[PDB]
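Shown next as structure tokens: one chain only, the form deposited in one PDB entry.
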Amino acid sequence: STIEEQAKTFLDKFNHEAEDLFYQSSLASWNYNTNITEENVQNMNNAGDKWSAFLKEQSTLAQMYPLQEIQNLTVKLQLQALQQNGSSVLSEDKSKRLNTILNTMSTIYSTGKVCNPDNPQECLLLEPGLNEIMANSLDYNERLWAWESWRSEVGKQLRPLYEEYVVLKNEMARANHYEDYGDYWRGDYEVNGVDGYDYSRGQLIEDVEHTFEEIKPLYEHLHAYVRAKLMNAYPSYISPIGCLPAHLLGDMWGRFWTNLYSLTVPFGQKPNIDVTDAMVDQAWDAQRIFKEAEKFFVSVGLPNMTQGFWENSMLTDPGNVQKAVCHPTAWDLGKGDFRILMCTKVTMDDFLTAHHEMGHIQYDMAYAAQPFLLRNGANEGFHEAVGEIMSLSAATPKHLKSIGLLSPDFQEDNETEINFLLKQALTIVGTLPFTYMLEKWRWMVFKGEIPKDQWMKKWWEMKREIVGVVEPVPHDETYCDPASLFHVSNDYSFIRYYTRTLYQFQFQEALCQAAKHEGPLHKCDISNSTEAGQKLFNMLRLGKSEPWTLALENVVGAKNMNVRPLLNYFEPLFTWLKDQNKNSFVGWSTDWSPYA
């Protein structure tokens, strides 16, 4: 009769019909990833295209049910998902031109090589090579060569291609009732139709800047301390009032500062915690690692793994003649099928990432009862944050004592506490200015407020003001340095890394109160706590059926992202850092340059 009854019928056939195809397509991908043959890839190609051709045909007749005559909110969410025109709005020739442009960027980035001077025969690549230098070299004139050459041969050839990438993808957003491409990516945080929970697309910019204004006092103190320790390594290359050259941060792009731990350890005579030796002495294997991590989730009230998880998953390198891809991943094949692919080793690094992957699986079980189109996290930054907080708890010394890996005769002193936090700070805090600046540069380029003749000029002006990193060699308008990163060249959004960091410390703080934890936030463990698990399970079982604003309120009791819990985690490090820079300068001056 009405238009809602005929819309629910379309959402009743699709759910049962799409699930069948999604299982077969995901079954062919598993076989190739565990058995690499030229015949197994044929099954993936044959099965995958069937699913791809299924969606466009089904979405074609989903546009004939208008959205202005439906009052039931759970139906509008599903209909809006299937009403997305996508890249199908562009013409026949414009779509092809965009498609070949993207494939070119993936090809050039993966096969890029640099040939060293005086040896024109043997050349060096990135995945091995250039990396090794940017992780294990202390020579000033050798790191500079690798930094500049890669951006001179790979980056320069991406300059003309990236210009067309903006203009061909801005018009796609304009036809889709968005004023630019940047607003497309900001639509993942949009909530409409619920009173008291609305979140406009333009409010993401205001909130990100508001939270970042409270991070600078912590960032400057860590920035000044790193600069002082780096003057010892390189005698006459760093100024005490200036910035840090871009080729001395422990990696190629400055994204993470983890490789600087050797030169910036506060107390070098005290070693870190490593339980690899204790595991091999007790004959731990791959099966034991995944058996112990399952017990962690049972204690907090969450369910345990299915029978098919053990019979079907892959937890050890096949060896012999069978080949496979060794990237750790979590699979949701459909129809209640969950597996894990991992080339496990008996180490501490592999013990922690087992909890990270198994945390993903628990999320997938929670919303398996939801409709098919509403089976995901609240937004792009929710799935990763859930897994991260599980690895934080397992890495605590108190947890390791319980599972018998660390002896009860292990005393924790304040010296080792600072060492642990600085290692964490060089990875979490150090990447926040980098993520905020790059996304801001991409956002303002799409709006068009940065002219094509000032792309590089404003790139390094924001670097010196927000990140405080100066270039070693002047870069003119023919360079495309931001395109040298994997995410930028391969069309991936970057703002999910900023929100994931903030979400993961709001979740941790809320869960530690439910467990009645007293003391610094970095020692809190959520094991054997049913209240923490019950609070977390309410968010997990919602899925995409509810606004992320309300889902966040179910755990932390707030409707907006906050940065205060992040500073609480790193508060002890803040006090120690101030006492180090009393006889030193905090901040940087933009007028300095190593080339003048």
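Just count from 1 along the sequence shown to find any residue number.
The same protein also exists as the form deposited with a partner chain bound; that form is not shown, yet it is the one meant from here on.
- Exactly one of the stretches 468-476, 365-373, 388-396, 244-252 approaches the partner chain in the deposited bound form with heavy atoms within 4.5 Å, and it is 365-373.
- If you check the partner chain in the deposited bound form, you find a heavy atom from every one of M44, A81 and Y492 within 4.5 Å.
- At least one heavy atom of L333 is located within 4.5 Å of the partner chain in the deposited bound form.
- The shortest heavy atom separation between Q282 and the partner chain in the deposited bound form exceeds 4.5 Å.
- The shortest heavy atom separation between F574 and the partner chain in the deposited bound form exceeds 4.5 Å.
- Among heavy atoms of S26, some come within 4.5 Å of the partner chain in the deposited bound form.
- Residue-level contacts in the deposited bound form: of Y162, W443, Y184, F434, one residue has a heavy atom within 4.5 Å of the partner chain, and it is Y184.
- Site annotation in the deposited bound form: the residue of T316, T329, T258, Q454 reaching within 4.5 Å of the partner chain with a heavy atom is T329.
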